[PDB]
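One-letter residues, chain by chain:
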Amino acid sequence: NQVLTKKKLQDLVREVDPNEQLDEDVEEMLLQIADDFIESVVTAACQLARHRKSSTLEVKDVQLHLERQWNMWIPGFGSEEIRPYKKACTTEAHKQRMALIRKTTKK
Amino acid sequence: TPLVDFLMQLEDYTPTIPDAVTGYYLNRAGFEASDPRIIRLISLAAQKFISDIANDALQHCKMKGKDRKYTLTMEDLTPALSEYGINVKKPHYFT
Amino acid sequence: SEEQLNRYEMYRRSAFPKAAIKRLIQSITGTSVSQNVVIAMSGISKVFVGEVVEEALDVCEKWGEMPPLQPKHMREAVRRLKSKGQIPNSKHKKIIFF
Amino acid sequence: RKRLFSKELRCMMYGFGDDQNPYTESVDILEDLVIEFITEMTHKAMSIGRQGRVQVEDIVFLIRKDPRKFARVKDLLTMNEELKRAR
Amino acid sequence: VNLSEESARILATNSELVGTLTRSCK
Amino acid sequence: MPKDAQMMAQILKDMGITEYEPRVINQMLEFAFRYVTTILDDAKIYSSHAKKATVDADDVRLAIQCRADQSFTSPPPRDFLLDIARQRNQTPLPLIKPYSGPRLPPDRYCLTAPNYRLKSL
C-alpha cells in the first residue's frame, strides 16, 4: 500500500536531465515529501467537505486548498460557471465612519 | 552567460543607492563584498524593484481620471505593492 | 510548401467567437461590457493559447515523443509557464519576504 | 458545463504546430485554461481603474508580464480604425 | 450584406479540413 | 488612546514587559488589525464554498484553525523531540584518532573552498 514506487520517481528525474542520479538519502526523502503533502491536502480538503455538510470529497474543495495555499491550478477538470463577482459590500457603518476621517482633515 | 555580458553595460551606469549603503546591508546578510561590481549589481536590482512599485502607483493614480501634482498616497501604493509580495494592511478609525 | 501554407491559414483565420465571450465576460461582471473589450479579450486569449502550444511543443521536443500532443506535455506546459509568472492566479496571496 | 471552445480550439492548435487531429483530452485541458484566463483577467480588472470593465485597464496587465500580449493588442486597436476608415 | 455572409465562410472551412477524426489517449 | 490601545498596554503589563518603546503599541495594533482581517478574509471564502449567505461562527472557527499551520507554524512538539533524541542518543560516541591536526568534517560540509573572484579586466 504505497503510492509511489521508485520507478515513477526515476522517470520524473529522467524527464528533467537524463544524465542525473539521486542518492538513496534523496530518494527516501523525495518519497517522503509527496506522502506528507498528500496527508496535509486531504485533511484540509476533508474539513472543506465537512464545512458544506456533505460526506463526499468532490474536486471543488481539493481545488480551493491547492489554489489558496500551494499555488497549483490543475487544468483538465473544469468547474461550474463562476457567479457574478461581488466587488464591495462596504457597510453603512464604514461609509459613515470613513466620512468622518475626511471631515476632520479638510474641514 | 547573460550575467557577464550584462556587466559590461554596467560600467557606464551609476545607481542611486550608494555603495556604502549596499555594502553594509550585505555585511548584515553575511559577507564583505570585495568586488565593487557586485555592489553595483545588487543595488541596481534593488533600485529597479523600487522603480516599478513607484511606477505602478503612478499609473494607478493616472487611471482615476487632479492632473497637476501626484501625491504618493497609501491609496495608490497599497494596490501597487500587492502585485509583488508586499501585503500591507493599515487600519483606520480606531474605536 | 503545401502544409506551411495550410498551417499559416489556420494560424490567422482561427478565433474565438465574439458572440460567446461577450456572453462569458458579462456572466462575470454582472451588467455589460463594450465591443472594444471583447475584441481585445478575444485577442489576448489567442496569444495565451499560442503561449501554451508553442511551449507544450517544447516539452514534447525535449522528451522523446512525436507531434501528437498528449496531456503529459500540457500539464507540464502550465507548470513551466507558472514558474515564470506567466499564468496569473489571483487567489494565492504571495509573500516574498521571509 | 459543456465545451464552448471545442471546434475553435482545434483550428488554433493546428495554427501553432500541433496536428490536424489533436487528442480530445488535450483540448479538454486548453478549454479550461482559457476560461480561467478570462476569469483571472476579469476578476482582477474590476478592482483596477473602476468597478467596471473598460478596456483601458485590460492593457495594463499585458505590460510587465509578457510583451507579446501587449504588442498584439496595439495591433487589434489600431486596425479597428483602419477597418472603419475603409467604409 | 457582403460582410454578413462572408464572415461565416472563414469558419466553415475551419470545420472541413482540421479535426476530421476524433482521437483519445490513455 | 482608544479603548484597544488602552487594552494593549494592559496585555504587555500582564507579561514581563514593564518598559517598552511607545512605538510598540502602534505596532501591536497593526498586527491585530491584519490578523482579524485575514481570518475574516478566509471566513468569507469558506462561507461561499459552503454556499451560505452570511459569515457564521463555524466559518470563523474553521478560518482560525486552517491558518494555524502556515501563518503561525509552531516549534516541534515535546513528544516528537523526545523520539528523535532517544534514537540519536543510543549510538555510542566514536573514538578519536591521535594526531589528525585540524579536526573537521569532510570537505563537502565545511566552508573551506578555493573561493575564486573575477579578473578585473
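Method of determination, as annotated in the archive: cryo-EM, at 3.9 Å resolution.

Participant: Got a minute to help me understand helix 3 (residues 57-65) of chain F in this structure?
Facilitator: Three- or four-residue spacings in an α-helix give side chains the same orientation, since the helix completes a turn every 3.6 residues. Here helix 3 of chain F has its buried residues at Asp 59, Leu 62 and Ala 63 of chain F. Looking straight down helix 3 of chain F, one finds that the buried residues subtend no more than 100° of arc, so they occupy a single side. Exposed residues on helix 3 of chain F whose side chains face more than 90 degrees from its buried face are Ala 57, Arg 61 and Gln 65 of chain F. Next to the buried residues of helix 3 of chain F lie helix 2 (24-51) of chain A together with helix 2 (23-49) of chain F.

Participant: Quick question: what am I supposed to make of the environment of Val 47 of chain C here?
Facilitator: Take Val 47 of chain C: it is sitting in helix 3 (residues 35-62). Non-local contacts of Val 47 of chain C, meaning those with residues more than four positions away in its chain, are made with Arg 68, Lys 69 and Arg 72 of chain D.

Participant: Teacher, can you tell me more about the environment of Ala 40 of chain C here?
Facilitator: Residues and elements named next belong to chain C. Tracing the chain through its elements places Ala 40 in helix 3. Overall, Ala 40 belongs to the buried group, its relative accessible area being 3%. Remark: the alpha-carbon pair of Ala 40 and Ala 56, spanning 16 residues in sequence, is separated by 24 Å.

Participant: Help me out: how do you make sense of the packing of aromatic side chains in this one?
Facilitator: The full count for this structure, using the stated rule, is 10 aromatic pairs over all chains. Between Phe 37 of chain A and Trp 70 of chain A, the aromatic rings sit 5.0 Å apart at their centres with planes inclined by 55°, giving tilted as the arrangement. Of this pair, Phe 37 of chain A sits in helix 2 while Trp 70 of chain A sits in helix 3 (residues 60-70), and the two are 33 residues apart along the sequence. Exposure remark for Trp 70 of chain A: the relative accessible area of 37% places this residue in the partly exposed category. Note on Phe 48 of chain C and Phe 37 of chain D: the rings are 4.5 Å apart at their centroids and 5° apart in plane angle, and the pair reads as stacked. Here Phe 48 of chain C is found in helix 3, whereas its partner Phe 37 of chain D is found in helix 2 (residues 24-39) on a different chain. Per residue, the accessibility class of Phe 48 of chain C equals that of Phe 37 of chain D, and both read buried.

Participant: I keep staring at the nonpolar core and nothing clicks. Help me out?
Facilitator: As a rule of thumb, nonpolar side chains are buried together in soluble globular proteins. Within the largest apolar cluster, 44 residues are counted, with the highest numbers of intra-cluster contacts made by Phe 16 and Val 49 of chain C together with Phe 5, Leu 9 and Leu 30 of chain D. Those elements giving two or more residues to this core turn out to be helix 2 (18-29), helix 3 and helix 4 (72-83) of chain C together with helix 1 (8-15) and helix 2 of chain D. Per element, the largest residue contribution to this core is 10 residues, and it comes from helix 3 of chain C. One finds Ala 44 of chain A together with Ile 39, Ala 43 and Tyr 46 of chain F within the second-largest nonpolar core, a separate group that totals nine residues.

Participant: Looking at this model, I keep getting lost on a negative patch on the surface. Mind explaining?
Facilitator: Taken together, the side chains of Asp 23, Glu 24, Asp 25 and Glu 28 of chain A define an acidic patch exposed on the protein surface. Here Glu 24 of chain A falls in the exposed class, since its relative accessible area comes to 58%.

Participant: Any chance you could explain the interface of chain C and chain D here in plain terms?
Facilitator: Many structure descriptions define interface size as the accessible area lost when the parts assemble. At the junction of the two partners, chain C supplies 47 residues and chain D supplies 44 residues. Summed over both partners, the interface of chain C with chain D buries about 4,700 Å², with 70% contributed by carbon and sulfur atoms. Scanning the region where chain C abuts chain D turns up three salt bridges. Here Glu 51 of chain C and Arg 68 of chain D are joined by a salt bridge, their closest N and O atoms 2.6 Å apart. Inspection of the region where chain C meets chain D yields nine residue pairs in polar contact. Looking at the side of chain C that touches chain D, the elements with two or more residues in it are helix 1 (4-13), helix 2, helix 3 and helix 4 of chain C. The element best represented in the side of chain C that touches chain D is helix 3 of chain C, accounting for 18 residues. Class assignment for the residues of the side of chain C that touches chain D results in 28 nonpolar, 12 polar and seven charged.

Participant: Sorry if this is basic, but what is going on with the side chain of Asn 21 of chain D here?
Facilitator: Turning to its location among the elements, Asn 21 of chain D is positioned in the loop between helix 1 and helix 2. One polar contact links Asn 21 of chain D to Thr 20 of chain E, side chain to side chain, over a distance of 3.3 Å. Not counting residues within four places of it along the chain, the set of residues in contact with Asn 21 of chain D comprises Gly 19, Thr 20, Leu 21 and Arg 23 of chain E.

Participant: What is the right way to read the interface of chain B and chain C from this model?
Facilitator: With five residues of chain B in contact, the opposing surface of chain C contributes five residues. Considering only the side of chain B, the residues that lose the most area to chain C are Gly 85, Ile 86 and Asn 87 of chain B, jointly responsible for 79% of the buried surface there. The interface formed by chain B and chain C includes zero salt bridges. At the boundary of chain B with chain C, the tally comes to one residue pair in polar contact. In terms of residue class, the side of chain B that touches chain C is built from three nonpolar, two polar and no charged.

Rules and cut-offs
The numbering shown runs from 1 along each chain in the order of its written sequence and may not match that of the entry; residues for which no coordinates exist are omitted. The naming scheme follows written order: chains are lettered A onward, ligands numbered 1 onward. These chains belong to a larger assembly; all numbers given describe just the chains displayed. Side-chain measures were taken over the full set of non-hydrogen atoms in the model, leaving aside hydrogen atoms and water. Residues with missing side-chain atoms are left out of burial classes, side-chain pairs and their counts. Relative accessibility decides the category of a residue: with a 1.4 Å probe and only protein chains considered, values under 20% of the type maximum give buried, values over 50% give exposed, and everything between is partly exposed. Numbered from the N terminus, helices here are DSSP runs of H or I no shorter than four residues, and strands are runs of E no shorter than two. What the arc measures is the spread of directions leading from the helix axis to the C-beta atoms. Residue contacts are counted whenever heavy atoms from the two residues lie within 4.5 Å of one another. In this scheme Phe, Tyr and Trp rings, the latter by its six-membered ring, pair at centre separations within 6.5 Å, and the angle between planes marks the pair as stacked below 30 degrees, edge-to-face above 60, and tilted otherwise. Nonpolar core, defined: a set of buried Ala, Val, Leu, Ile, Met, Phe, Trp, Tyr and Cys residues in which side-chain atoms within 4.5 Å join the residues together. Exposure above 30% relative accessible area and the lack of any salt bridge qualify a residue for a patch; like charges then connect within 9 Å, and the nonpolar side chains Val, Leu, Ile, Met, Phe, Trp and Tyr within 5 Å. Computed with the Shrake-Rupley method and a 1.4 Å probe, the accessible areas treat only the protein chains shown as cover for residues. Put simply, a salt bridge is a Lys or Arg side-chain nitrogen that is within 4 Å of an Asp or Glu carboxyl oxygen. Think of it this way: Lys and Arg go in the positive column, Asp and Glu in the negative one, and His and the chain ends go nowhere. By convention, the charge on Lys lies at NZ, on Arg at CZ, on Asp at CG and on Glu at CD. Buried area, as used here, totals the accessible surface that two parts lose on assembly, with accessibility defined by a 1.4 Å probe and the loss added over both. Under this definition, polar contacts are N or O atom pairs within 3.5 Å; protein pairs additionally need one hydrogen-donor-capable and one acceptor-capable atom, and for neighbouring residues in sequence, both atoms have to be side-chain atoms. Only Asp, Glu, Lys and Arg are considered charged in this grouping, and only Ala, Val, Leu, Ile, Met, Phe, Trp, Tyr, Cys and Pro are considered nonpolar; every other residue, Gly among them, is considered polar.

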